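Student: Here it is, the structure in full.
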Amino acid sequence: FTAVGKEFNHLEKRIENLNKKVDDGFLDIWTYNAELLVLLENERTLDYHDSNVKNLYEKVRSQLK
Amino acid sequence: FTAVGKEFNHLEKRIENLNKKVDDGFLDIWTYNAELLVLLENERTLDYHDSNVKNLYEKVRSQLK
Amino acid sequence: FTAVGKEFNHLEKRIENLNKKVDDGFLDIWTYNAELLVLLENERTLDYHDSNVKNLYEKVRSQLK
C-alpha cells in the first residue's frame with residue numbers, strides 16, 4: 001500500500017519538481033551559451049569555419065535538442 | 001506515522017541536499033557567466049550598448065537574483 | 001523493514017539517478033566553459049596573464065576536478 005500513501009507521494013512529487021528545476025535550469029544555461037556564442041562569432045574573435053568553433057555549435061545544438 | 005520514521009527522513013534530507021547542490025551549482029555557473037561576460041565586454045568583442053549584449057546582462061542579473 | 005521495501009528503493013534510485021544527471025550535466029557545462037575559454041584566450045580578446053583571466057582558468061580547473 002505505500003505507493004498510495006501521502007508520504008510516498010510527497011517525496012515523489014519533490015523528486016519530480018527537482019528534476020523539472022534541473023531541466024529548466026540546464027535549458028536556461030544552454031540558451032545563454034547559444035546567445036553568447038552567436039554574438040562572439042559575429043566577430044573575428046571566433047571563426048565559424050574553424051573546426052574547434054564548430055565543436056561548440058554542435059554541443060549547443062545537441063543540448064538544446 | 002511515516003513522516004517521523006527514519007527512512008522518510010533519510011530520503012527527504014537526500015532530496016534537500018540535492019536541491020542545495022543544484023542551487024549552489026547553478027549559482028557557480030551563473031557567477032562564472034558574469035565574470036566572463038564583463039571581461040568580454042571590456043573589449044570591442046562585445047558592445048554593452050548593443051541590445052543583444054544587454055540581453056545577456058539582463059539574464060545574468062536575473063539569475064544572480 | 002522500510003529500507004528493503006520496493007517503494008523506498010524506487011525513490012532512492014530516482015534520487016540517485018537525478019544526482020547522476022546533475023553531475024553529468026554540470027560536467028558537460030563546465031567542459032563547454034573550458035572549450036570556449038581556451039578559444040577566446042587564443043585571441044587578444046582575453047589575455048592569459050591578466051589576473052581576472054587566470055581567475056576563470058582556476059575556476060574551470062577546479063570544477064573539472
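Residue names in the C-alpha cells use chain letters A, B, ... in the order shown, residue numbers from 1 in each chain, and ligand numbers from 1 in the order shown.
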If chain C is fitted onto chain A by least squares over all C-alpha atoms, taken pair by pair in sequence order, what do its new coordinates look like as a compact mmCIF listing (two decimals) with C-alpha atoms, in the first residue's frame?
Tutor:
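What ended up in selection_25.txt:
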```txt
# COMPACT_ATOMS: atom_id res chain seq x y z
CA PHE C 1 0.00 0.00 0.00
CA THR C 2 2.91 2.58 0.40
CA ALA C 3 2.70 3.95 -3.20
CA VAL C 4 -0.82 5.39 -2.45
CA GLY C 5 0.25 6.89 0.82
CA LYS C 6 0.64 10.55 1.35
CA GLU C 7 4.32 10.36 2.36
CA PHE C 8 5.47 8.38 -0.70
CA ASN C 9 3.63 10.86 -2.95
CA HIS C 10 5.04 13.87 -1.12
CA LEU C 11 8.61 12.61 -1.71
CA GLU C 12 7.87 11.55 -5.30
CA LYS C 13 6.48 14.93 -6.28
CA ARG C 14 9.53 16.63 -4.64
CA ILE C 15 11.78 14.48 -6.83
CA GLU C 16 9.71 15.38 -9.86
CA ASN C 17 9.76 19.11 -9.09
CA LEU C 18 13.60 18.93 -8.58
CA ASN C 19 14.00 17.11 -11.82
CA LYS C 20 11.97 19.84 -13.55
CA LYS C 21 14.05 22.58 -11.84
CA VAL C 22 17.25 20.82 -13.15
CA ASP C 23 15.87 20.51 -16.70
CA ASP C 24 14.65 24.14 -16.84
CA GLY C 25 17.97 25.33 -15.32
CA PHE C 26 20.06 23.42 -17.79
CA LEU C 27 17.91 24.73 -20.65
CA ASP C 28 18.41 28.32 -19.30
CA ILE C 29 22.23 27.78 -19.17
CA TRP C 30 22.48 26.27 -22.60
CA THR C 31 20.18 29.01 -24.13
CA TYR C 32 22.53 31.58 -22.59
CA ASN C 33 25.55 29.65 -24.07
CA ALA C 34 23.84 29.80 -27.50
CA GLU C 35 23.12 33.55 -27.23
CA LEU C 36 26.66 34.32 -26.22
CA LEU C 37 28.28 32.14 -28.79
CA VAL C 38 26.48 33.63 -31.80
CA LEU C 39 27.48 37.12 -30.65
CA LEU C 40 31.10 36.09 -30.22
CA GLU C 41 31.14 34.51 -33.66
CA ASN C 42 29.76 37.78 -35.18
CA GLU C 43 33.34 38.99 -34.54
CA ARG C 44 36.75 37.82 -35.80
CA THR C 45 37.12 36.62 -32.15
CA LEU C 46 35.77 33.19 -33.17
CA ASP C 47 35.63 31.92 -36.75
CA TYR C 48 32.65 29.67 -37.61
CA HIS C 49 34.71 27.68 -40.11
CA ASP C 50 37.37 26.64 -37.51
CA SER C 51 36.67 23.04 -36.50
CA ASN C 52 37.10 23.89 -32.75
CA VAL C 53 34.35 26.58 -33.17
CA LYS C 54 32.04 24.16 -34.96
CA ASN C 55 32.57 21.77 -31.91
CA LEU C 56 30.90 24.44 -29.74
CA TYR C 57 27.96 24.92 -32.14
CA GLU C 58 27.47 21.17 -32.26
CA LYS C 59 27.42 20.85 -28.45
CA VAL C 60 24.99 23.73 -28.07
CA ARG C 61 22.74 22.33 -30.87
CA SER C 62 22.72 18.94 -29.23
CA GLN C 63 21.97 20.36 -25.79
CA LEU C 64 19.08 22.45 -26.98
CA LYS C 65 17.64 19.16 -28.58
```
Student: Please, which residues of chain C, numbered as in this document, come out helix (DSSP H, G or I) from DSSP, as a ChimeraX atom specification?
Tutor: /C:2-4,6-42,51-63
